[PDB]
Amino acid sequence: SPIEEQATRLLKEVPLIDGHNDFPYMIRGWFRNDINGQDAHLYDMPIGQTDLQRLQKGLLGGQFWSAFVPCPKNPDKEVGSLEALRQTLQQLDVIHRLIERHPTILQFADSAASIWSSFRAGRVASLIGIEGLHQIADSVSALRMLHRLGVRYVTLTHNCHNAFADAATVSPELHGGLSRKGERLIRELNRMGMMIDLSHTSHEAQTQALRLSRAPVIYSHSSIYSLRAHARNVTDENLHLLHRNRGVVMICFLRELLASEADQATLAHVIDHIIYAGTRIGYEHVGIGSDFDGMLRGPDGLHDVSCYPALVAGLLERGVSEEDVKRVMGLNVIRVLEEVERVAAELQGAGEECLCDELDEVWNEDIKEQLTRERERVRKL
């Protein structure tokens, strides 16, 4: 069809960059992060919605691979929080090993330039994000090291309240949006060049983050509230504040977020959600945030990662212009990552102070007096 050829041409011209995929957690579930001699299975998986053959088939240009670990369930709160940090490094490790063992398909990217150079070579631009602040174990130092390991967005919560912000799906509220720590962390995230992700966060937490953030944010996988009322979806209030923020809402394929009955959800519903946001806040603030492998089953026509050409063709069929489809595919999320890095460079160039952790005193006054006495002895030599 001339529409199918058009969709294939667009997928070759610009990268379709998906906002969120939990394929790394499926590798932890199925293989337990042991991928040695598992290429046959990694190319043709016996479970899930993602594998390396189907990833090629769908012509996907880039991917933010999620490094999610569950919210801590342990009665010992210190152990659970610290356990999440160790599991985070295990998931970042298997993501890096997955990319490194398959260099013909996947290539690591952590910027707008690295996404393009990956797309020119014919690879899937492989970026990384974490699904929740619980993953850092209350350590802003750890968060900066996660940025150094290649993490380029941080979802503020998953399905649990943390010290920084409230989750959408948990009641009662803890902070009523962001905490004081949360407000201060927004400045640090803008300073370091970490992209803020407002998926899974409460409506009040979104409103406060959108007003405070000096850089554009994203919703890595969230849908529209007006079309389907759910705690996880974005309200018209927050859609307008996203426009002022210059952020992007990357539309989710979760069936619960598209229809009241999950079995009724379809590819057409995803297109309705993209067109709604594109009509009201412009097509330069809308994206694609599948959440593949964060669900058992997908919508009719969006069953797995091979179905992206159907989404591009469906948007063109509805009268969304080529230029606007290219924006929704990936140009918008590239711009936000580019603007996040530019803001960080401005703030780092200006010499803004970084947020430091609260640490225990290791030395008492006796030790500090010995050290000062010792220094003075060396001065008199």
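We number the residues from 1 along the sequence you see.
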Seminar exercise, completed: Averaging the C-alpha temperature factors as deposited, the higher value of 163-171 versus 150-158 falls on 163-171
Exercise. If you average the CA temperature factors over each stretch, which comes out higher, 260-268 or 288-296?
Worked result: 260-268
Exercise. Per the entry, which of 306, 222, 88, 74 tops the list for Cα B factor?
Worked result: 74
Exercise. What third of its chain's C-alpha B-factors does residue 130 belong to: lowest, middle or highest?
Worked result: middle
Exercise. Going by what the PDB entry lists, where does residue 83 fall on CA B-factor within its chain: lowest, middle or highest third?
Worked result: highest
For this session: Among all modelled residues of this chain, ranked by Cα B factor, put residue 61 in the bottom, middle or top third, i.e. lowest, middle or highest.
Result: lowest
Exercise. Going by what the PDB entry lists, where does residue 232 fall on CA B-factor within its chain: lowest, middle or highest third?
Worked result: middle
Exercise. With respect to C-alpha B-factor, does residue 17 fall in the lowest, middle or highest third of the chain as deposited?
Worked result: lowest
